[PDB]
C-alpha cells in the first residue's frame, strides 16, 4: 500500500515545546519546519470533534472532570494553554475542523489518533472517520490511529478508504492476524518494544511502522536504520523534519 507520510512526526502538534493538542502547538510545529503532526481526538457530549488526550481536562487545562461529559459551549470556556506557560493564556480546546485548516495552511500531513472517552469507541471511531473524510477532502489523506480495536473497526466501516494504524503500547503475539483483519497499512509501536528482528518481521508482513515517543537522536537514527518509517517525537527542535541516520 502507498505511503506519502514523512520520516518525522510532531507529537501532539508542538511536542513538548508548547501546550499539546493545541492550535498554538501546531503553529510551533510549523516554525520548526515539520511536515506532519500527530494529535488526539474525542467527542464532546453533543458530538463536536475536538482535541484532548486524556478523558479528563485537568492535566492540560484549568478545567475539571470528564471532557466528553460536557457540551461544546462549555468546553469553549476552558484554557488549555496557561498550564504550560504564561504565554499561552488564550489557548482553547480546538475543533478538528480548525486543525484541518492549520494543516492546509502550513502544508502539513496529519496522523489523527482516535482517542475516545472510555466507553465511546465505536461511536467515536465512526464520527472521527466520517469527519476526517469531509475535512481532508482535496488533501493528503490523514492516517487514522488508535489503541482501541473498538474505534479502528468503526473507522474501517465508516471510511474504508482512509488508511489505518494500530497503536500498541505492549507487544501482542497476534499482531499479524489483527492488523490483517483490521486492514492496517501501519503499526504504531512504543519504541521500547522494538529491535532489529521485530522491525524486520513487521516489514516482511508488509507493514509500515511508526514509533513513539523518541527524543534522543542516536536512538532515532538507529530505529531509522533498522527500517522504521516514522519517528514520532517530542523533541521537535532536536530531531527536526529532515533528520536521517
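Positions refer to the first chain, counted from 1.
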| task | Look up the CA B-factors in the entry and say which stretch, 13-21 or 218-226, has the higher mean. | result | 218-226
| query | Higher mean Cα B-factor in the deposited model: 134-142 or 158-166? | reply | 134-142
| Going by the deposited entry, which of 27, 204, 54, 38 has the highest CA temperature factor? | 204
| task | Specify which of 125, 107, 119, 94 carries the largest Cα B factor in the deposited PDB entry. | result | 107
| Considering only modelled residues of the same chain, in which third does the CA B-factor of residue 103 rank: lowest, middle or highest? | highest
| note | In terms of its chain's C-alpha B-factors, the third that includes residue 89 is the highest
| What third of its chain, lowest, middle or highest, does the C-alpha temperature factor of residue 190 fall into? | highest
| message | Is residue 196 in the lowest, middle or highest third of its chain when residues are ranked by C-alpha B-factor? | response | highest
| query | Based on the entry's values, in what third of the chain does the Cα temperature factor of residue 8 lie: lowest, middle or highest? | reply | lowest
